[PDB]
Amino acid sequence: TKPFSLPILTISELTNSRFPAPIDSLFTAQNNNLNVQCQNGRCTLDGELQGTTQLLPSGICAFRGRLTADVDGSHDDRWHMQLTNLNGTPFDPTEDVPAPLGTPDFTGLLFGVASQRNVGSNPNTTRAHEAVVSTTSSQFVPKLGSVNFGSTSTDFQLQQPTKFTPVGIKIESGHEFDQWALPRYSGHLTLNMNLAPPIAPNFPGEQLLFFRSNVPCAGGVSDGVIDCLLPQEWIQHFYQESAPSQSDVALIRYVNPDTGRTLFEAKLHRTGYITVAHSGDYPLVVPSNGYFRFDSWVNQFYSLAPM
């Protein structure tokens, strides 16, 4: 069987799989019965993408399609964006996914830029303006094939190819940011289907380890924290390699390549997440040159060294 492996990448060479941003730090969280069920950044160790996960950093929290209605006077988010898939192929609601790949997996305001490039009468005329997609809006229905955005600009055209490039989040009263609450992909009063399953430690003394980014925010008090279970580059690597998983848990070691020392050990689970032996919230103190290396496949009785 092809040997399993991790790419050799330091923290600042890694991208968040839940927002297009570099990883800033590693963080382990105290257990508090949190439902961790993100849909971006989900991949098995043998390379099966799950949830809404796709391969491009430029696809995370992005949308593609065309505006088909201006619903000013009916909704604050007046621009109705009929979606395609990110690669341009038509949206298919019958797919066994929770929403189009790349759809945001958090509750709050997604701040970015909506842009257009015309085809037809005035070809290659363009425009782009800051815009906000509220993932709690009644018009946030990506699994039904559309989302709406609001903008301070009214300079948008209907029936012209449109892209939404994410930039950050935004805080307003009544629109707090909850990175762990999935939006309603089919809208108000509907429940989500085809989700990647929830993730939690199942071993005493273990906590999840997150790759943490502090992303931009367009106003409001916010640390911008978005935590992912696997960096995007690891997902890209597993998709390429598709190495068979030999047990439910790959033991991995964080190493300093200059000294050769192992700094701590962790469990990398077959379903694509990391646990460490630690008690309490803790931003890890690790050298900037450090990275994880695959050690061996271990059984269900393996006790990690305290970190």
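One-based numbering along the sequence shown.
With 202-210 and 124-132 compared on mean CA B-factor from the PDB entry, the stretch scoring higher is 202-210. The stretch with the higher mean CA B factor, choosing between 26-34 and 270-278, is 26-34. Each of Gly150, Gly168, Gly73, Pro183 has a CA temperature factor in the record; the biggest one is found at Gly73. Among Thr44, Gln240, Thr262, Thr53, the highest C-alpha B-factor recorded in the PDB entry belongs to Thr262.
Ranked within its chain, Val298 lands in the highest third, by CA B factor from the PDB record. Annotation for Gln39: C-alpha temperature factor in the lowest third relative to the rest of the modelled chain, per the entry. Among the modelled residues of its chain, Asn85 has a C-alpha B-factor that falls in the middle third, as given in the PDB entry. Sorting the modelled residues of the chain by their CA temperature factor places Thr94 in the highest third. Among the modelled residues of the chain, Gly290 sits in the middle third by CA temperature factor in this PDB entry.
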